[PDB]
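Note: hydrogens, waters and symmetry copies are ignored here, and every other heavy atom, side chains too, is used. Each ligand, and each atom within it, is numbered from 1 in the order the structure gives. Along the sequence shown, residues are numbered consecutively beginning with 1.
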Amino acid sequence: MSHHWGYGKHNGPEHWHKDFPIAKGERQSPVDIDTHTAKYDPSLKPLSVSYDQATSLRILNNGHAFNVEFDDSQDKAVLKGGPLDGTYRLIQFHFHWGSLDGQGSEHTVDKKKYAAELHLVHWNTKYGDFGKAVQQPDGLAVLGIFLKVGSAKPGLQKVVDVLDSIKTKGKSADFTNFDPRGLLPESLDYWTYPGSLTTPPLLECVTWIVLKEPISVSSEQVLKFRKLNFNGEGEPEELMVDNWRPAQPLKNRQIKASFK
Ligand SMILES: NS(=O)(=O)c1ccc(OP(=O)(O)c2ccccc2)cc1
Ligand SMILES: [Zn+2]
């Protein structure tokens, strides 16, 4: 209730370390993915994305992004396999995006920035709840998917169409019966490394799984993201754009590839 961090010049990524010293830690996210330096790990398993029984509930503008929230009180939408041991439940997804099509992703690929990045957030069921899981080095698994501007993503349009109803911080809307399978690319080829939340509190609790294949979204879909507001209703309008953290030092980490 006393957090003042954001993405402005006076409260953005360069300032976060003052309230969240782990910002300068040993396993911060995002990072640049050097495709030539990532090593193929033949011991890495295919990812298992099991979203058939997903139960979406609500969409919330939290003043930093918008979250599509799921029922995570049972194994309904789970991520397993790949680098993971055990079962990770989907709790929410959100995006980071830019003011311009040439920026917006948090991870980069050979220094390339995508227009946006989708984060499907999952927590390790052996820790019982999300709040306990974020305190553990293997508490979360975030599936990251890049967005490039080209053809529309049909499975994104229900998200685009509700944004008018959650323009400002603190607004929520019913968002039942949304199928997150409609946001996945064809291939589940991925890179993986140990990292952190990319927003305060920047906890070092995430196994990152970043898909190699981007999804295409239309210019009109991402334009609607950029009409959202960071501010609350009745406050001065600040467009919700450039809500990404830049790449952080890799330090003592290796990025593993599931492919080639
Ligand atoms: N952008 S990312 O790395 O996917 C992320 C960031 C923060 C997240 O949790 P959060 O919902 O901000 C939270 C953290 C700690 C206590 C309560 C809530 C989840 C994913
Ligand atoms: Zn995120």
task = Kindly report the NE2-the Zn ion (ligand 2)-ND1 angle for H94 and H119 respectively, rounded to 10°.
result =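 It comes to 110°.
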
ask   = Would you say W244 touches ligand 1, if touching means a heavy atom closer than 4.0 Å?
value =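 Checking ligand 1 against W244, which is what was asked, there is no heavy-atom contact under 4.0 Å.
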
task = Find out whether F146 and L211 are in side-chain contact, i.e. whether some heavy atom of one side chain is under 4.5 Å from a heavy atom of the other.
result =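 A side-chain contact is absent here, since even the closest heavy-atom pair is not under 4.5 Å.
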
ask   = Given the rule in the ring pair (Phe, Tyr, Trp, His ring centres under 6.0 Å) test, do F66 and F95 qualify, once you have shown the distances and angles that lead to the verdict?
value = CA-CA 7 Å; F66 62 87; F95 304 84; 5.6 Å; yes

message = Checking a contact table here: which protein heavy atom is nearest atom 9 (O) of ligand 1, and how many Å away?
response =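 Of every protein heavy atom, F130 CZ, 3.5 Å lies nearest to atom 9 (O) of ligand 1.
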
ask   = Near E14 CD, under 6.0 Å, is it more than 12 heavy atoms from other residues, nucleotides or ligands?
value =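 No, not enclosed.
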
inquiry  = Please compare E69, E117, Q92 and report which has the shortest non-hydrogen distance to atom 11 (O) of ligand 1.
reply    =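 Among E69, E117, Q92, the closest heavy atom to atom 11 (O) of ligand 1 comes from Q92.
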
inquiry  = Could you check, using the six-membered ring where one of them is a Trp, whether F178 and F93 have ring centers closer than 6.0 angstrom?
reply    =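 When the ring centroids of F178 and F93 are compared, they turn out to be within the sub-6.0 Å range.
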
query = For atom 1 (N) of ligand 1, which protein heavy atom lies nearest, and how many Å away is it?
reply =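 Sorting protein heavy atoms by distance from atom 1 (N) of ligand 1 puts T198 OG1, 2.9 Å first.
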
task = Would you mind running through ligand 1 and noting each atom that sits below 4.0 Å from a heavy atom of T199?
result =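 Matching atoms, with element in brackets: 6 (C), 7 (C).
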
Check: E106 N/O within less than 3.5 Å of ligand 1 N/O =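 In this structure, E106 places no N or O atom under 3.5 Å from an N or O of ligand 1.
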
query = Side-chain heavy atoms under 4.5 angstrom apart, residues restricted to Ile, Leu, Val, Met, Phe, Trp, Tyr: same cluster for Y114 and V241?
reply =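 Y114 does not cluster with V241.
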
query = Have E238 and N231 got a donor and an acceptor in their side chains that come within less than 3.5 Å?
reply =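 Their side chains do not contain a donor-acceptor pair, so the 3.5 Å distance test is not met.
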
query = With backbone taken as N, CA, C and O and side chain as the heavy atoms from C-beta onward, which portion of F93 lies under 4.0 Å from ligand 1: side chain, backbone, both, or neither?
reply =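 No part of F93 comes within reach of ligand 1.
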
request  = Within a distance under 4.0 Å of any heavy atom of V121, pick out the atoms of ligand 1 and give their elements.
outcome  =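 Atoms satisfying the 4.0 Å criterion: 4 (O), 20 (C).
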
ask   = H64: heavy atom below 4.0 Å from ligand 1, yes or no?
value =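 For ligand 1, residue contact (heavy atoms, under 4.0 Å) with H64 is absent.
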
query = With the threshold set at 4.0 Å, does a side-chain nitrogen-carboxylate oxygen contact exist between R181 and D179?
reply =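 So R181 pairs with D179 through a salt bridge.
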
query = Among the N, O or S atoms that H96 has, which is closest to the Zn ion (ligand 2)?
reply =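 Result for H96 and the Zn ion (ligand 2): NE2.
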
ask   = Once the angle between the rings of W208 and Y193 is folded into 0 to 90°, is it parallel (under 30°), tilted (30 to 60°) or perpendicular (over 60°)?
value =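 Parallel, since the angle between the ring planes stays under 30°.
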
request  = Tell me which part of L197 gets within contact of ligand 1: side chain, backbone, both or neither, using heavy atoms under 4.0 Å.
outcome  =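 Both of them.
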
query = Does some non-hydrogen atom of the protein lie less than 4.0 angstrom from atom 16 (C) of ligand 1?
reply =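 Within 4.0 Å: no protein heavy atom nearby.
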
query = At a 4.0 Å threshold, what atoms of ligand 1 neighbour a non-hydrogen atom of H96?
reply =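 Within the 4.0 Å cut-off of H96, ligand 1 contributes 1 (N).
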
message = Tell me whether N67 contacts the main-chain N or O of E69 through its side chain, where contact means a donor paired with an acceptor under 3.5 Å.
response =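 Here the side-chain-to-backbone pair does not exist.
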
